[PDB]
Amino acid sequence: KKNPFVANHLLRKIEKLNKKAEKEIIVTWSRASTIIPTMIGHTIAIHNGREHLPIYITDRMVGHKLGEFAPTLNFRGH
Amino acid sequence: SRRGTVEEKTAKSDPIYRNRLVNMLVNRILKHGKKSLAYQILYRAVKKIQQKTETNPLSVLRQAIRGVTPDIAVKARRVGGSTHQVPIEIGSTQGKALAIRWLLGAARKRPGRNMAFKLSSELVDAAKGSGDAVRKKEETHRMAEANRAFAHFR
Amino acid sequence: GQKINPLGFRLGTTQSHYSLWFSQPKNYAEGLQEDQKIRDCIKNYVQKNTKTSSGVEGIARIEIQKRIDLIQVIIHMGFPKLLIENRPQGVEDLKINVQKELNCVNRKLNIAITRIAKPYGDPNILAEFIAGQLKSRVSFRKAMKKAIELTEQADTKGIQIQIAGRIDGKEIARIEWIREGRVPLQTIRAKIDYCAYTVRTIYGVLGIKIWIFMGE
Amino acid sequence: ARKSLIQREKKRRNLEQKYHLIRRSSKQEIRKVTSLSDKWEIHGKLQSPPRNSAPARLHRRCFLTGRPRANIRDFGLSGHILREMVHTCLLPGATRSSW
Amino acid sequence: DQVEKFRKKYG
Amino acid sequence: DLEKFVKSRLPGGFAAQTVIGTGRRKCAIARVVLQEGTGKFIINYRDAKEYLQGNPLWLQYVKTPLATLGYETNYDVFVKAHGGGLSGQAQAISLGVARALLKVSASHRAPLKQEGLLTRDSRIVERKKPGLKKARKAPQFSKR
Amino acid sequence: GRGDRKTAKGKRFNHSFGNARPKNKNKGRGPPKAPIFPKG
Amino acid sequence: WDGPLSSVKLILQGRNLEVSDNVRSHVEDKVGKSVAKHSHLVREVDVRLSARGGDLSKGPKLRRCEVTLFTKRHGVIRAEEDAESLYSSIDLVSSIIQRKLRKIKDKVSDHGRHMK
Amino acid sequence: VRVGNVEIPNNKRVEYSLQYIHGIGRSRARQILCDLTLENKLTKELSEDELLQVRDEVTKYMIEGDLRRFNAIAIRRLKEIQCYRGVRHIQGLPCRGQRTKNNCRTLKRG
Amino acid sequence: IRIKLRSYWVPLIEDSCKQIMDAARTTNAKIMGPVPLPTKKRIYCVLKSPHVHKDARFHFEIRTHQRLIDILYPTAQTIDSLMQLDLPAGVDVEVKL
RNA sequence: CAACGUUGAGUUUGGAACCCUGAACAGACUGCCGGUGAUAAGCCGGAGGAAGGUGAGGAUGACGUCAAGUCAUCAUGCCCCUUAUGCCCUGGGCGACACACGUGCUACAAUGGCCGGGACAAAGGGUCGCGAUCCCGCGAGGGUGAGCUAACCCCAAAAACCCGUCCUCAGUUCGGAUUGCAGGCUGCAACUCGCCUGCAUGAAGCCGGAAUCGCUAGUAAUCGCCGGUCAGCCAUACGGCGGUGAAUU
Ligand SMILES: [Mg+2]
Ligand SMILES: [Mg+2]
Ligand SMILES: [Mg+2]
Ligand SMILES: [Mg+2]
Ligand SMILES: [Mg+2]
Ligand SMILES: [Mg+2]
Ligand SMILES: [Mg+2]
Ligand SMILES: [Mg+2]
Ligand SMILES: [Mg+2]
Ligand SMILES: [Mg+2]
Ligand SMILES: [Mg+2]
Ligand SMILES: [Mg+2]
Ligand SMILES: [Mg+2]
Ligand SMILES: [Mg+2]
Ligand SMILES: [Mg+2]
Ligand SMILES: [Mg+2]
Ligand SMILES: [Mg+2]
Ligand SMILES: [Mg+2]
Ligand SMILES: [Mg+2]
Ligand SMILES: [Mg+2]
Ligand SMILES: [Mg+2]
Ligand SMILES: [Mg+2]
Ligand SMILES: [Mg+2]
Ligand SMILES: [Mg+2]
Ligand SMILES: [Mg+2]
Ligand SMILES: [Mg+2]
Ligand SMILES: [Mg+2]
Ligand SMILES: [Mg+2]
Ligand SMILES: [Mg+2]
């Protein structure tokens, strides 16, 4: 009843890579945009602020955002 | 208070019974300035005390307070490097204060259901000389008299 | 302790305002902005055109009154021998620039210059004077005393002068001040003229505050 | 503050002027017109104009200094300069007020 | 099912 | 019903009538019309006990200016009020009544001054002062 | 309780007028607490 | 640091400086001596270190230590020291604390016959 | 009465008794009671006819077992997902964007 | 015709009112008086210092006073006598017709 | 103020007699009387008076102290960087988390909590704005859009309080943390990190050790309402406003 969200550039990239039927890594900064069904099985590398982190997309992911899967904070221990 | 002393404030009267006394009690029972509620509590207390006994509650006030009024207490003095409990005698206003207070405290600690009921119960017990508010005063007297030797102004 | 700018302390009592206009709260910001732009311009212009011809230019203050039609700038000034005598009289030469700045739509501008008769009974002027003498590396004692002299021979009831900074280029800063006559700062009924000025020397900045008391 | 900040602000004002009516237009377009898979594309129009074009991006700074905090709107001045000016009587109608 | 769950909301 | 008793008893609005008094205390203002006969307390088109809730206190403030006199069955009081709370409105009623009474007969003076019903209670709310929690209340404070 | 966003109080404190604390007399409150039948 | 002082809070704060292990230990020692003997009264020990001069700022190389004590009954024991080395500074603060402390113990804990 | 979903409302008003099922708060309570069944009394004073209706209605709303496994599979899923909230659940740190520097104590007691 | 004066300082506004009222009293038109409207008064508080101290505050207001002037019957001479008027630079006038 | 009738009212009458608004003016000065006091300043009392001894609050802060705070509001001596210590952008970060220290809010219940029905404020803000009415939603909200540049219209529901009905002692109809589900709004964008709603969840916690803080009257306590910042907000904060209203020297 209101649109979900995804970055334009991201959307059309996924369009092209879907049509040409190859699995290529996608470096993206959109830490907001939702994972819509038509991207599943792709590998997307999301910006953690320094590095891109490769994530494999799955059936489960859909309905969340991208940034849930790239932890921004480096913490192990006191 | 180092300089100024205190002027006297108009002693009011309770609306129904036109007493200085009852008015004193409703002011000390008061919390969060709801006078509206405090009057209700005090009057349903007069109603439970006229319920249980056929004696005039106006008088049961005089007995409840005459019962708990301490004529003496102690005070801690620093005398010659020695800390004494010196049994200072109490003024009348202070007596009535103390009284209503121990009454109210012993009334707030009761096991019962309402505040009206509690207050009534303790008014009944204090008028009979049968309760904590009285016991408290007798303790203050016990611990005054043991220390009777330290009042040099005797 | 801190005092209050004794100006701001009598406001709507013994002292007027300077900007005399009104505006609806929304426009108020814009209007404020506008005053600032012209006060800036008119300060600059005169500074450069008089200090080129080498004189002491008291610009004592600037009153601005906005009316729906015409906005009027009244310059209180101590010696307009440097603004009038020049061929393009300050009136026109400024009228043009100031009218460039504010706008010309629904607003046309008028400039009027007023001669403040006793220049040393005005703090602002006096302070600029001491500023000149100190910029000239005269010792501050002399400066202070000359100022006191000029003023008291210029008709004044009381004056308090304060100079703060690295005085005489000495490495540790300090505060020197002189009271003369009678300066009530706490009496609201007292007509008090204060002013604050800043000075740029080889050794850094120097503050001057001047208080002047004109009676009750 | 930094002159560069003030400049950032100015260029923002300019861009927002340029794209203003376009914003209102695409906005009423996405508000009023249904079809989710259409609203994809009109949201694709939305995301095109520069980020420095959104009203949300603007920030008021005191027009005299430019300090980013503490600006009361009526004057467009920061607290401090506002105080000074109230003492030199440049604010018409300002009075140290005690109620 | 999170794909169909997503398509029931939007479609 | 009571609106017609008030209206029919009083044609001239609240201003015209000979005997009127005005209470004000805190933010409450009350205008008071005094009349002769029976005794009825109508405040803002409702009853005394209806409005003031029958908090014995407030009622007693209202009736107190006539108990120094004993005119309880001799006068009829119609007042309008606004502002503040009912306690204050009551106090106000009290005062305006007293002023009305001094308007009818001046002989009342000495009782009313001995009771102290004639004075404007000046005590009002104090403003909140910067750095403080409310009025005189200072925030919880650590010596360290 | 003042920290309960499920109550008239709590809503009033949180400045959210919502199901419990309705804007007008025509906005639906929670399902009714009306029936009790004491007779005696 | 001490167990008999376990009831005491040792709070050690560099203001402009970085705190080492030798400063740690040294603080525990010198404050340890002062506090250990009067431990029944003592409550919280607040030590701040401030460095200045040399390469940091203008003026001599000053290192300045401030300590503060609190006792169960008496509040406010304040001591301020300026010196060359952190170590020196600390030694000084200890010298002062000791004195003020035993002045308090002296006052109240003497059964002083104070008649008046 | 017991049979309401293996649990025991005891000797109270019906609503506040119904609530003791994990799965019923205030809303479902007074809705079921004052809308569908229509009667309000004590618990043991419930006539058989009423009690039956009650059981049959409450049976169509989720309950302790089914809810518990419902939310548990929720949480589990999130944990499998390796998303943020999952990470937080697994670690035992608060997920609703509440600060960790000071007060977590409720969730940190675990 | 009704005129709403609004201005900051008082003397200015009632002298201005006085001009209007006398210049309309002269031209023989009836006036419903210079009716005072409630003074609208705005408060701002600010931090005294540039840094730190949160407690030193400064209170300043802006008071705005409103006068109302009801002229009953709009003669040609009345409208002109009041359209001519010289009202000081610190007052605002609104004309509702 | 009254009237006509209406819940939309009118601008529809009269009154200026109450109230209110805001401008001018008067009033309080130990001024009068008595008692005290060297006569003196004054101090205890009494009258009148709305107010009586700075009537009550506010702004007001001397010479100076702390080489107090601030070169990150602004200004500036000198020093230093100048294909970088300057500048543009998107992501991060200032929101981490074994802990410790300080300020607050809510609580631990019948002086109470829930529900239903009634009553009384103040002062504010509001044309890119506040938004009545009606309609859809359990609900945030959505659609509609009068009226208002504000003593006119709106935010707007004042809440404690009261009259009734339930619980009358429980870890409960106390208390509401935490978490899941499903939503709403702002805004290109709500995952890190917004706020709000509906259903569910129902932790601690039975008045708190040593110690310690605020307060002398419209004060404490207790109850809500507004504002500034502001697209939205972390506001329980800050600045204000009134409601109820103590004890003690
Ligand atoms: Mg003495
Ligand atoms: Mg000074
Ligand atoms: Mg700069
Ligand atoms: Mg912003
Ligand atoms: Mg006030
Ligand atoms: Mg208050
Ligand atoms: Mg504070
Ligand atoms: Mg507050
Ligand atoms: Mg509850
Ligand atoms: Mg909130
Ligand atoms: Mg809501
Ligand atoms: Mg509806
Ligand atoms: Mg009329
Ligand atoms: Mg007297
Ligand atoms: Mg005074
Ligand atoms: Mg220093
Ligand atoms: Mg520093
Ligand atoms: Mg610099
Ligand atoms: Mg850098
Ligand atoms: Mg960035
Ligand atoms: Mg921070
Ligand atoms: Mg973070
Ligand atoms: Mg808080
Ligand atoms: Mg606002
Ligand atoms: Mg709406
Ligand atoms: Mg427990
Ligand atoms: Mg209990
Ligand atoms: Mg204290
Ligand atoms: Mg806001």
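Assuming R0 = 45 Å, what is the FRET efficiency of B:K35 and F:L2, from their Cβ-Cβ distance, to the nearest 0.05?
On the way: r = 27 Å, r/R0 = 0.61.
With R0 = 45 Å, the Cβ-Cβ based efficiency is 0.95.
Pull out a ≥ b ≥ c, the square roots of the eigenvalues of the alpha-carbon gyration tensor of the stretch D:1-89, then state rounded if a/c is under 1.5, prolate if not and a/b is larger than b/c, and oblate in the remaining case. Numbers along the way, then the final one.
On the way: a/c = 4.19, a/b = 2.74, b/c = 1.53.
It comes out prolate by the Cα gyration axes.
Of C:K43/C:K146; B:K118/F:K137; B:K75/B:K136, which sit over 23 Å apart, Cα to Cα?
From C:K43/C:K146; B:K118/F:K137; B:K75/B:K136, over 23 Å: C:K43/C:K146; B:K118/F:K137.
If you bin every alpha carbon distance in the stretch C:16-117 into 10 Å steps from zero, what whole percent lands in each bin?
It works out to 14, 50, 28, 8, 1, in whole percents.
In nm, give the distance between the simple-model label positions of F:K40 and H:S6, each being 7 Å from the Cα along the Cα-to-Cβ direction.
8.4
Just grab the label-to-label distance for D:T65 and B:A97, each label 7 Å out from Cα along the Cβ direction, in nm (one decimal).
5.3
According to a simple spin-label model (label point 7 Å from Cα along Cα-to-Cβ), what is the distance in nm between D:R13 and A:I40?
So the label points at A:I40 and D:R13 sit 5.2 nm apart.
Using helices alone, I'd like the mean residue ellipticity at 222 nm for chain I: each DSSP H run of four-plus residues gives -39500 (n - 2.57), total over residue count, nearest 500. It would help to have the intermediate numbers written out before the result.
Details: 6 runs with 51 residues, N = 110.
That calculation yields -13000 deg cm²/dmol at 222 nm.
What percent does the relative contact order of chain H come to when contacts are Cα pairs within less than 8 Å and at least six residues apart? Don't skip to the answer; put the middle values down first.
On the way: 170 pairs, mean separation 26.1, N = 116.
In percent, rounded to a whole number, it is 23.
Per residue, what volume in Å³ does the convex hull of the Cα atoms of chain C enclose? Before the final figure, lay out the partial values.
Numbers: hull volume 31.9 nm³, N = 216.
It is 148 Å³ per residue.
Between the stretch H:69-96 and the stretch B:56-94, what's the alpha-carbon centroid distance in Å?
48
Among H:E81, I:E48, which comes first, second and so on when ranked by fewest other beta-carbon atoms within 10 Å?
Details: H:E81 18, I:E48 7.
Lowest count first: I:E48, H:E81.
Using only the Cα atoms of the protein assembly as shown, what semi-axes does the equivalent ellipsoid have when each is the square root of 5 times a gyration tensor eigenvalue? Give whole Å, largest first. Display every interim value, and only then the final one.
On the way: eigenvalues 729, 539, 438 Å².
So the equivalent ellipsoid measures 60, 52, 47 Å along its semi-axes.
When you look at the Cβ of every residue in I:85-94, what mean number of other chain Cβ atoms sits within 10 Å? Provide the component values of the computation, followed by the final result.
Values: counts 2, 2, 3, 0, 0, 0, 1, 0, 0, 0.
Counting Cβ atoms of other protein chains within 10 Å of each residue's Cβ and averaging gives 1.
Per residue of C:22-30, count partner chain C-beta atoms within 10 Å of its C-beta, then hand back the mean as an integer.
Numbers: counts 14, 4, 3, 7, 2, 0, 8, 8, 2.
Partner-chain Cβ atoms within 10 Å, mean over residues of C:22-30: 5.
If packing is taken as the average number of other Cβ atoms within 10 Å across a peptide's residues, how do J:64-76, F:88-100, D:6-18 rank, most packed first?
Numbers: J:64-76: 15.8, F:88-100: 25.2, D:6-18: 13.4.
Sorting J:64-76, F:88-100, D:6-18 by mean packing, highest first, produces F:88-100, J:64-76, D:6-18.
Below 20 Å, Cα to Cα, which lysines can D:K27 reach? Residues fewer than 8 away in the same chain don't count.
Once the sequence-local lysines are set aside, what remains near D:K27 is A:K1, A:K2, D:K18, D:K39, D:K45.
With 10 angstrom as the radius, rank B:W102, D:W99 by how many other C-beta atoms surround their C-beta, starting from the fewest.
Numbers: B:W102 23, D:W99 7.
Placing the least packed residue first, the sequence is D:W99, B:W102.
How many percent of DSSP beta bridges within chain A run antiparallel, rounded to 5? Intermediate results must be reported in sequence, preceding the final value.
Details: 6 of 10 bridges.
Rounded to the nearest five, the antiparallel share is 60 percent.
Calculated FRET efficiency, H:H74 and D:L58, Cβ-Cβ r, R0 56 Å, to nearest 0.05? Don't skip to the end; give the middle numbers.
Working: r = 57 Å, r/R0 = 1.02.
Once rounded, the FRET efficiency stands at 0.45.
At a threshold of 8 angstrom on Cα-Cα distance, excluding pairs fewer than six apart, so keeping six or more, what relative contact order does chain D reach in percent?
Working: 67 pairs, mean separation 21.7, N = 99.
Contact order relative to length: 22 percent.
Assuming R0 = 35 Å, can you tell me the calculated FRET efficiency for the pair F:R123 and J:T39, based on Cβ-Cβ distance, to the nearest 0.05? The partial results should precede the final answer.
Numbers: r = 25 Å, r/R0 = 0.73.
The computed FRET efficiency comes out at 0.85.
Run the numbers on chain B and let me know its relative contact order in percent, using alpha-carbon pairs under 8 Å that are six or more apart. All intermediate terms of the calculation are to be shown ahead of the outcome.
Working: 167 pairs, mean separation 37.6, N = 154.
Here the relative contact order equals 24 percent.
How far is the Cα center of the stretch C:3-38 from the Cα center of the stretch A:1-76, in Å?
Between the Cα centres of the stretch C:3-38 and the stretch A:1-76 lies a distance of 57 Å.
If you add up the charges near B:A45, with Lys and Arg at +1 and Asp and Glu at -1, over every other residue whose beta carbon is less than 10 angstrom from its beta carbon, what do you get?
Neighbourhood net charge equals +3.
Mind checking A:30-37 for the average number of partner chain beta-carbons within 10 Å of each residue's beta-carbon? All intermediate terms of the calculation are to be shown ahead of the outcome.
Numbers: counts 0, 0, 0, 0, 2, 2, 4, 5.
Taking the mean over all residues of the peptide, I get 2.
For the protein assembly as shown, give me the percentage of DSSP beta bridges that are antiparallel, rounded to the nearest 5 percent. Show your work: numbers first, answer last.
On the way: 109 of 131 bridges.
Of the beta bridges lying entirely in the protein assembly as shown, close to 85 percent run antiparallel.
What is the distance in Å between the Cα centres of the stretch J:23-97 and the stretch D:31-99?
Each part reduced to its Cα centre gives a spacing of 29 Å.
Quick note: the coordinates plus some simple rules give every number you see, no bench work behind them. Cβ: placed from backbone, ideal geometry, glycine included. Neighbour counts: every protein chain shown.
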